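Student: just the structure for this:
(chains A, B, C, D and E, ligands or ions: 1)
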Amino acid sequence: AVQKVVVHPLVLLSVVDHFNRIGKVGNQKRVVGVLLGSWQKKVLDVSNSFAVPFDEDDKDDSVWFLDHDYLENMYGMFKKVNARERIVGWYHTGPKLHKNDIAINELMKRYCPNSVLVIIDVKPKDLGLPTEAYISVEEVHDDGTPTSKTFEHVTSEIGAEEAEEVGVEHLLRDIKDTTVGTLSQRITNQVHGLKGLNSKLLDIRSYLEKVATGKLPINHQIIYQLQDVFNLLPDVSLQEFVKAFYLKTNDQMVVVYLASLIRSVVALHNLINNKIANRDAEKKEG
Amino acid sequence: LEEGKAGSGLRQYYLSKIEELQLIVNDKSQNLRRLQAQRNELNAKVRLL
Amino acid sequence: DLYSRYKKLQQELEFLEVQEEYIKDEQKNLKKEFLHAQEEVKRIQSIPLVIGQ
Amino acid sequence: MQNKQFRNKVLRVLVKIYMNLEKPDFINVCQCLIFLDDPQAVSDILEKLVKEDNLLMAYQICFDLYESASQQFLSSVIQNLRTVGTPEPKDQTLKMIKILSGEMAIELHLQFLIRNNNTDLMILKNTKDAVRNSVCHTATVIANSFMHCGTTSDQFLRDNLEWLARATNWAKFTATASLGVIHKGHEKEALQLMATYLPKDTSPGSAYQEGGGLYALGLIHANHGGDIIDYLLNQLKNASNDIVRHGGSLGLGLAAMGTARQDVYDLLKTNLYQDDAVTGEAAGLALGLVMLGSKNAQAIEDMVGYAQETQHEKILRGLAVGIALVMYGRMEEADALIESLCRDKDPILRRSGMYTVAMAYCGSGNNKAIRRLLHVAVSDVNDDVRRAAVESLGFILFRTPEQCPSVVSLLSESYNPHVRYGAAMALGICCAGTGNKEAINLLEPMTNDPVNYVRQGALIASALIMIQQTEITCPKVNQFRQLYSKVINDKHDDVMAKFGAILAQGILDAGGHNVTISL
Amino acid sequence: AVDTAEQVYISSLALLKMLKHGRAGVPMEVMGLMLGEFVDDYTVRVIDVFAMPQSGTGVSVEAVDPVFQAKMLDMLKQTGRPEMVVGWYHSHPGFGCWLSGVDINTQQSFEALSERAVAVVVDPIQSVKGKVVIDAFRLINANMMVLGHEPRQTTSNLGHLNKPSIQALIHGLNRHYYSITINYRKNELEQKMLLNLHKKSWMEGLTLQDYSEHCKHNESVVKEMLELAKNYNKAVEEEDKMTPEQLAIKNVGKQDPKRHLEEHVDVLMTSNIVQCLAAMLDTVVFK
Ligand SMILES: [Zn+2]
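Tutor: Residues are numbered from 1 along each chain as shown, chains lettered A, B, ... in the order given. See the structure here:
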């Protein structure tokens, strides 16, 4: 159905507000809010949202608390002031996916249309993309397991419409734009290695552990395709790619010629002025 | 003796060569701070813009 | 004062040496601020507009 | 540029040569005692005063040792000298009594300053012409406080009562404080004159008179042994809100400076426990003064723990200056603390680290600080730490006035005007009291700018130089004329421009050229 | 008769909500409310900010429904937002950010409760995207006309309040009218979160995706751009052939505004992409 979605920073900043108004409780469990957007267009667009109280139980995990009246009131007034946005789905700040979440989402699965689930972290220590869009659909399982709600990963992007970019850029005055050049590119070319390093290290360890040491048949079948992807590159000897390396290095030579020639052109005015201005200043000095 | 007017002398002249190296540091700092003042002048110009 | 000139000059040496990393910081940062302000006044210009004479 | 690891031992082993000679020398023992600050170094020479049996030679060393260059060392040596002797018997008593007196100097200074006064009507007339009822109202009375300091003359303010109390504002507080600046060193006539104003119902409509009286009292009794502090506690015990807390913290905090008492610390804590920003800022200013040299262990963690838990900026800057001024001789100690607090998110605390490392590294003993000072000056986008940057630089480089304008020459014209302002303050404090023209010839581009901040800073910087200088040696005519044009240009300039202008003019006319400043 | 120095604290919450209110800033008159908590007299903080439904009457004291107001406020009280209303905000598109008669009248009516009553007017329509800077408004008393206008200390921030440097509206409407300074607040949480989110917004999901794409597009797309670059550079060089004549004639003064240098430098900067992505391709090929 939906190929990709658009998530604005405003809702995550509303989560920052959720971490703001806490006021030192001593509980700070997962808080379920109500996300709003436009389900009319194929691509999902998030504008703004509100917050609803959500509480659970220590021992029993099947306990979930929502409000129909508050939801209908907030959505009612929001629809009253703005008719260009309606209900879509919900989201939680919990780093882990609870089993009760299917029952929590079941409500909006009944009353509302199909809802999208978003998982974020309470502490922004994650370098990767904090927002993961998960569509709720029923898929046929190959192993023959009974049909249940399955969360499928949907690609997403973080962007703003018009004024939000200005607001962010003004409030920050730190981050820099694309700015094609040396430092902007080389920073990426440096840190990206760590971007892959910490992620892969955080992944393959728990992967290796849970595969051999673990149970609850999450359908490992896709991981054979994972390993297959890892085997899609059987150590190519580059012998066929030698010509490509030759063309690339030829382009490098072109870069060399361009650089040398252009710099040689720039050196003109400098290696003229450095003489003609100095000799004239010196002779007219006294 | 032949030290203070010899060894200490060539030591002071070695210090003069050090003053030459620090003269290189000096005028390098000079032209670098002049280029700095130039870039700051252009930045102040677009600031006026 | 002859032999004191050395030890007295060392302070000036260190003082002139400490300015290196300083002018490094200035020249590396102020160009980034330069392109920053450059793109700031560049983004001011927009395609939609009115044509006069 | 010694690290003090050797030089102190070198001097303390070099003070044994002159005691074996025919006569002692005051210059070397003074220069050493103001350096190593060792109690055992003065231990022999204090008890040799009786052995030598010479009164005239002891007066000099006693006077110049008790005059300056120590606080807790003096507080220790006074009781150390109090212990020595009876709890020439009759001569030693009057000697040991008179040497720690210090009131004589205040007497002769107040006297010669009373008889040297020379005033002109043109200046005061100009101030009364350029005065406004809002902004420069405080500038006029602070200028009056500047010129009337030491002469104890209230006759200039006895002209009219409608030039002061005509409106209710902080201007009356600054006026009373200005009066406190006018007269100093009075254990009787001060409180007497303050109580002579309205001793009727003992209930003034304006509390700024009482609070300002407390602040003035703190200004007068500062660094004295005649402290009324014992009474000031019960006077602070009175029931009020704005003036007792704030003015009391300022006055009592300034009066208790150097005492390092735990009582004033406790009451200051219970004064800052109300979470209020203003009285907590005054509490910070007072705490920084009274805790100097004490260096309490849990105080730092308590204050930095009290820092991020409040959103008010006043309490933040209050604790900032509080932890800034309290740090002395920590050069070999607090490095890790400053380095740890340098990475803090708070801009106020970031400036607080620089203000803290400022006075600690003074004397140009560390070249490491200026690295991160200039680094955080250029790199950081916030103008706060940038305008707070070169103050510490000027503080540590204050030794050589010539080298400063060269390295601040790039900060003469900066990107943001705040850096130009801080640099103006830098050229102001570094070239202060000196004859360096490197700032002076560069004052001409600084005196005219589209921004008013850098202009005002240039006025202050120009005010801190021309003071105590001969006109025949250097052509100051230009800057004097451009400074005298500021009052006639006030109509075509900014409201704060004329403020900083007359404020800059109050510097040269201060004390009638008699009193000056020295770093 | 006492007046201190007040400063309005503005967070990212109210800012972004006023940006959404900026998208809601259509010529149709709109209403808004601001909430917060007063710790003392000289400081004011705003946290909860929402919008209001549009009406045909426009902005008026009658437009505000008291029962609906108190209702929503109660709904905020039962939730985790225990803050009283600190005032109200609105938009004044295209006729200027100033206040009309009805506006100052309903302001006079709404300031009967709160002595402060912070007034904020946002007008993104004629406001360039270069600066989002906004100026908060205040209301002077009518009985202060005899005495001085503004008895406020801390005059150092007036230069920061000098941002509205327009030579008309300021000293034109200065009679019985004035403004107040604006500052922001940021902690480590918001800083790190928003910085990471924005950096990720300018980055990819796995971050290794669209890099190798351009790396392999260097031999297809960039090449044509390099050819065009050589075309423009040659178009400069043909004039550069004419330049040494002028350098052999005048040499005094510059009649050519064209720098001819920094642009070619930027061309080299675009040419360095191949070199920078070369090592990238090396890392991809290696492991
Ligand atoms: Zn209208």
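Student: ok and the residue in the stretch 101-250 of chain A nearest chain E?
Tutor: residue A:158 (3.8 Å; C-beta to the nearest C-beta). Every residue, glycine included, has its C-beta placed from N, CA and C.
Student: for that residue, which non-adjacent residue is closest in space?
Tutor: Closest residue in space to residue A:158, ignoring its immediate chain neighbours: residue E:201 at 3.8 Å, by C-beta to C-beta, 6 or more residues apart in numbering or on different chains.
Student: before we move on, what about residue D:197?
Tutor: Counting by C-beta to C-beta, 6+ apart, the residue nearest residue D:197 is residue D:209, at 6.9 Å.
Student: number of residues surrounding that neighbour?
Tutor: If you count neighbours by other C-beta atoms under 10 Å in any protein chain shown, residue D:209 ends up with 20.
Student: also residue E:204?
Tutor: As a burial measure, residue E:204 scores 15 neighbours (other C-beta under 10 Å).
Student: surely it meets residue E:210?
Tutor: Yes - with contact defined as C-beta atoms under 8 Å, residue E:204 reaches residue E:210; the gap is 5.3 Å.
Student: give me the secondary structure label for the residue nearest to residue D:197.
Tutor: What DSSP: H, G, I helix; E, B strand; the rest coil gives for residue D:209 is helix.
Student: tell me the contacts of it?
Tutor: Residues near residue D:209 by C-beta atoms under 8 Å, 6 or more residues apart in numbering or on different chains: D:172, D:176, D:197, D:198.
Student: mind listing what the first one touches?
Tutor: When contacts are counted by C-beta under 8 Å, 6+ apart, residue D:172 touches D:164, D:165, D:206, D:208, D:209, D:212.
Student: does stretch C:6-20 come close to chain B?
Tutor: Yes - looking at stretch C:6-20 against chain B by C-beta under 8 Å from any C-beta of the partner chain, the contacts come from C:6, C:9, C:12, C:13, C:16, C:17, C:19, C:20.
Student: residue E:5 in helix, strand or coil?
Tutor: Under three-state DSSP, residue E:5 comes out as coil.
Student: what about it, how many residues nearby?
Tutor: Residues within reach of residue E:5, counting by other C-beta under 10 Å, total 15.
Student: do the same with residue E:90
Tutor: Neighbour count of residue E:90, defined by other C-beta under 10 Å: 23.
Student: now do the phi/psi pair for it.
Tutor: Here is the backbone geometry of residue E:90 (degrees, to the nearest 10): phi -160, psi -170.
Student: ok, now how distant is it from residue D:330?
Tutor: Noted for residue E:90: a distance of 54 Å to residue D:330, by C-beta to C-beta, to the nearest Å.
Student: same check on residue C:21?
Tutor: The gap separating residue C:21 from residue D:330 is 25 Å, by C-beta to C-beta.
Student: between the two, which one's more packed in?
Tutor: residue D:330 (17 against 13).
Student: just put the contacts of residue D:172 in CSV and tack on distance to residue A:142.
Tutor: Below are these laid out as CSV (distance: C-beta to C-beta, whole Å):
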residue, distance to residue A:142
D:164, 92
D:165, 92
D:206, 87
D:208, 84
D:209, 89
D:212, 86
